[PDB]
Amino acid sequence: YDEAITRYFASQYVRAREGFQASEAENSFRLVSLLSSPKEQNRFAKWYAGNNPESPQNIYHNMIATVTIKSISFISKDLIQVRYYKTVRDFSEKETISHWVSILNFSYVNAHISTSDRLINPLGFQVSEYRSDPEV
């Protein structure tokens, strides 16, 4: 597939996973899930669970966190690197900014998506491994 469409879905993946807005949680959750493999979907879920202090639900409770993409490059054929910053906003409107890099291991599966899940994942994009750490 085209590099452009691959960048497009990595950007989506990271914007959805690494940002947060109460009104969009259900949607951002289904989308990260659909674009993650069975075994990555499950790691993501344990991390997102409402009982987990490190879940966006919690650390951005009553806040909005918005990812802005800085860059997308490929370390290898199946290994993408997304550098972005998060802009976190609260009741006072006081914006905090931080910078981050995520590595994604990805592929495209010719699995079966229903017609309506294909409007979220048209080509079986699948992140098998993922991390996010802050920058220098």
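Numbering starts at 1 and runs along the sequence shown.
Engineer: Per the PDB record, is the mean Cα temperature factor higher over 87-95 or over 100-108?
Structural biologist: Of 87-95 and 100-108, the stretch with the higher C-alpha B-factor average is 87-95.
Engineer: Output the stretch having the higher mean C-alpha B factor in the entry; the candidates are 109-117 and 9-17.
Structural biologist: The recorded data point to 109-117.
Engineer: Name the third of the chain's ranked CA B-factors that contains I64, choosing lowest, middle or highest.
Structural biologist: Lowest third, going by the recorded CA B-factors of the chain.
Engineer: Please place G50 in the lowest, middle or highest third of its chain according to the CA B-factor in the PDB entry.
Structural biologist: Tercile = highest for this residue's CA B-factor.
Engineer: Lowest, middle or highest third: where is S33 by C-alpha B factor in its chain?
Structural biologist: Its C-alpha B-factor belongs to the lowest third of this chain's values.
Engineer: Relative to the other modelled residues in the chain, which third contains the C-alpha temperature factor of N58: lowest, middle or highest?
Structural biologist: Lowest third - that is where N58 ends up once the chain's C-alpha B-factors are sorted.
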